[PDB]
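For the sequence shown, the numbering used here gives the first residue as 13, with consecutive numbering after it. Beta carbons: idealized from backbone N, C-alpha and C, even for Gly. Remarks on the structure that follows.
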Amino acid sequence: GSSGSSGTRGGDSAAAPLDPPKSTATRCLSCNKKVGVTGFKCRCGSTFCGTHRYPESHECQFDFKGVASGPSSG
Ligand SMILES: [Zn+2]
Ligand SMILES: [Zn+2]
């Protein structure tokens, strides 16, 4: 057996999916990868990694400037 503990309190959390107070973290929205701070915020608010930071890579839910087209992957 071993001893140890880790926890944070406050209003740091910037983006996170609908989850209970049991635990909260920051990960990508497509690869659910630990992005923490390095994460790249998007117009939709969500947080992605340096791989899915761009919109074209991740179907941005937030309607860009309202107008919508929906680019299909040939
Ligand atoms: Zn990602
Ligand atoms: Zn987005």
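Quiz item: Is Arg-39 near ligand 2, judged by its Cβ being under 7 Å from some heavy atom?
Solution: Within the sequence shown, residue 39 is the residue found at index 27, counting from 1. Because no heavy atom of ligand 2 lies under 7 Å away, the Cβ of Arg-39 does not count as near it: no.
Quiz item: Roughly how many whole angstroms lie between the Cα atoms of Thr-38 and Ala-80?
Solution: Translated into positions along the sequence shown, residue 38 becomes position 26. Translated into positions along the sequence shown, residue 80 becomes position 68. In a straight line, the C-alpha of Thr-38 is about 28 Å away from that of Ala-80.
Practice problem: Could you check the C-alpha separation between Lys-77 and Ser-25 for me, to the nearest Å? | Solution: Along the sequence shown, read from residue 1 onward, the residue named residue 77 stands at position 65. Along the sequence shown, read from residue 1 onward, the residue named residue 25 stands at position 13. For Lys-77 and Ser-25, the gap between their C-alpha atoms comes out near 27 Å.
Quiz item: Between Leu-41 and the rest of its own chain, which residues show a CB-CB distance below 6 Å, the 5 nearest in sequence each way excluded?
Solution: For the purposes of this step, residue 41 is identified with residue 29 of the sequence shown, where counting begins at 1. Taken in chain order, the residues that qualify are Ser-58 and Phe-60.
Quiz item: Can you tell which of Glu-71, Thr-50 and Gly-22 has its C-alpha closest to the C-alpha of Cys-56?
Solution: Position 44 of the sequence shown, counted from the start, is the residue given in the question as residue 56. Ranked by how close their Cα comes to the Cα of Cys-56, the residues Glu-71, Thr-50 and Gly-22 have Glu-71 in first place.
Quiz item: CB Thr-36 to CB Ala-28, shorter than 8 Å?
Solution: Translated into positions along the sequence shown, residue 36 becomes position 24. Translated into positions along the sequence shown, residue 28 becomes position 16. Closer than 8 Å, so yes.
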